[PDB]
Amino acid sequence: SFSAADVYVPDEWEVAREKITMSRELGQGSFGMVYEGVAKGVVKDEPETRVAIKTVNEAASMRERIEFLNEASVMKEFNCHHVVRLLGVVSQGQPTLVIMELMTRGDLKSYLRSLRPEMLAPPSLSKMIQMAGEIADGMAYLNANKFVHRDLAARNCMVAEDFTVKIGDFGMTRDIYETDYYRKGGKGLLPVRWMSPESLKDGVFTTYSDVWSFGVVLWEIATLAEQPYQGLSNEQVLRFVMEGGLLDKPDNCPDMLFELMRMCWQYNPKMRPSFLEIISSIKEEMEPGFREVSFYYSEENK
């Protein structure tokens, strides 16, 4: 049967519904239900791969479907070791399938919460630098390809079986080749606690604002996923941040990681570090594998 899937996805991202086997439910997803499972011959040199599978059911408007596909279409553009990668979509069938790289340990937020005692030290500075570095790497790729994530936060990063952290959710990211910015016209649903002052004020999003968010996820990592500006309301956070407010250094936070935050929170966007700069300052503290797999140390980067 002919559906949006047939036109809106290059058949060069297609894979036979027979190659894809679903096992158990992982959870709800933006446009359908996500399943863990296996995808034969989708990864070069793998006879089999573990993957996450999303199912869009007939019971979803064509509008719904089209947008959903277009969102995935941007994914396609990205090929970075620290971005969750799209493995392909099954388009000739009754429930459209999207096949993503499996991240066995789920979202960085939940993962961080799992480290707490049971209703409060943070990971070791070394574990933390690795996360910070792997997140910064993905973002630097994003920015090199002229995108603004807009929605960077612990809840949007995934953690792989080997504890590698990757950027994961791009429903909110925009193209910025020419302009180097995105301006929000109407109502926005982005959480205010991750938003840069300039973004709260004008609706402007740049890579400088991404770096601001990055600081906040460093803060989330440090506090094992506390709510930023706890004790303030969205109202007060708004006011507080725009007028120069800053998150307090976590109790138990190694100075270094909080210095890094304080630079990502420079009020003047132009005074913040680039994702490349950030990586540079800690690249010598990253587990060996990094050099091989990172975008920082890749050909694309120069």
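Throughout, rigid core stands for the largest set of C-alpha atoms superposing within 1.5 Å between the two forms. For every residue, the number given is its place in the sequence shown, counted from 1.
S.K.: Between 122-130 and 159-167, which has its CA atoms farther from the current form in 6 other deposited structures of this protein, using a rigid core superposition?
M.R.: Of the two stretches, the larger average C-alpha offset in 6 other deposited structures of this protein falls on 122-130.
S.K.: So if we fit everything on the core, which stretch drifts more in 6 other deposited structures of this protein, 67-75 or 104-112, C-alphas only?
M.R.: Farther on average in 6 other deposited structures of this protein: 67-75.
S.K.: Residue 174: absent from a third or more of the other PDB entries compared?
M.R.: Across the other compared entries, residue 174 is absent from none.
S.K.: Can you check if residue 81 is missing its coordinates in at least one third of the other PDB entries compared, counting only those that model the residues either side of it?
M.R.: no, residue 81 modelled in all other entries.
S.K.: With respect to the deposited sequence, how many residues separating residue 189 from residue 190 are not represented by coordinates: none, 1 to 3, 4 to 9, or 10 or more?
M.R.: Unresolved stretch here: none.
S.K.: Mean CA B-factor: is it higher for 228-236 or for 155-163?
M.R.: Result: 228-236.
S.K.: Which of the two stretches, 72-80 or 165-173, shows the higher mean Cα temperature factor in the record?
M.R.: Stretch with the higher mean C-alpha B-factor: 72-80.
S.K.: From 119, 139, 221, 99, can you pick the one with the highest C-alpha B factor in the entry?
M.R.: It is 119.
S.K.: Could you say which of 51, 59, 253, 246 has its CA atom at the highest B factor, as listed in the PDB entry?
M.R.: Checking the PDB record, the top C-alpha B-factor among 51, 59, 253, 246 is at 59.
S.K.: C-alpha B factor of residue 110, ranked within the chain: lowest, middle or highest third?
M.R.: Ranked within chain, residue 110 CA B lands in the lowest tercile.
S.K.: Within this chain's modelled residues, let me know which third the CA B factor of residue 260 belongs to: lowest, middle or highest.
M.R.: Tercile = lowest for this residue's CA B-factor.
S.K.: With respect to C-alpha B-factor, does residue 275 fall in the lowest, middle or highest third of the chain as deposited?
M.R.: Lowest third, going by the recorded CA B-factors of the chain.
S.K.: Which third, lowest, middle or highest, does the CA B-factor of residue 282 fall in along this chain?
M.R.: Lowest third.
S.K.: Relative to the other modelled residues of the same chain, rank the CA B-factor of residue 145 and answer lowest, middle or highest third.
M.R.: Its C-alpha B-factor, which the entry lists for residue 145, ranks in the middle third among residues of this chain.
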